[PDB]
Amino acid sequence: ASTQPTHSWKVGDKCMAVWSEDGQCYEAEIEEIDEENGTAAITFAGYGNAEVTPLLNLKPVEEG
Ligand SMILES: C/N=C(\NC)NCCC[C@H](N)C(=O)O
């Protein structure tokens, strides 16, 4: 990776992402990870949106 993140995430995993629109964390599933920037593309579960948010902004979920 270009930058090495302390947060270790993989594709197919859901995390909680901070919705850039509301500033809160919602369950979002990681679609793709960009290790170059340390950012991941996530899809908000239920709502069905997707944003590229840094791994640092990804939080661990409960029950998964
Ligand atoms: C991650 N969160 C969302 N979309 C991806 N929320 C969409 C609905 C937002 C609305 N204020 C509501 O809460 O009803």
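Just above sits the structure.
(A) Quick look at the pairing of strand β3 (residues 39–44). Sheet topology places strand β2 (residues 25–34) next to β3; 6 bridges connect them, and they run antiparallel. Opposite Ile33, over in β3, you have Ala40 as the bridge partner. Once β2 ends, the chain turns through 4 residues before running back antiparallel as β3, passing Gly38 with a positive phi of about 80°. Here β3 hands over to strand β4 (residues 49–54) after 4 residues, with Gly46 in that stretch at a positive phi of 95°.

(B) A look at the nonpolar core. Counting 9 residues, the largest nonpolar core consists of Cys15, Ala17, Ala28, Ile30, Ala40, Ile42, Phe44, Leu55 and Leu58. Taken together, the elements giving at least two residues each to this core come down to β1 (14–18), β2 and β3. It is β3 that contributes the most residues to this core, 3 residues altogether.

(C) Local environment of the state of the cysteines. For the structure shown, the criterion picks out 0 disulfides. Looking at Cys25, it has no disulfide partner, and the nearest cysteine sulfur is the one in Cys15, 10 Å off.

What counts and how
- Residues numbered from 1 in each chain as written, not as in the entry; some residues may be left out.
- Heavy atoms only, no water.
- Pairing = 2+ DSSP bridges.
- Helix = DSSP H or I, 4+ residues; strand = E, 2+ residues; numbered from the N terminus.
- Core = buried A, V, L, I, M, F, W, Y, C linked by side-chain atoms within 4.5 Å.
- Buried < 20%, exposed > 50% of the residue type's maximum accessible area, 1.4 Å probe, protein only.
- Disulfide = S-S within 2.5 Å.

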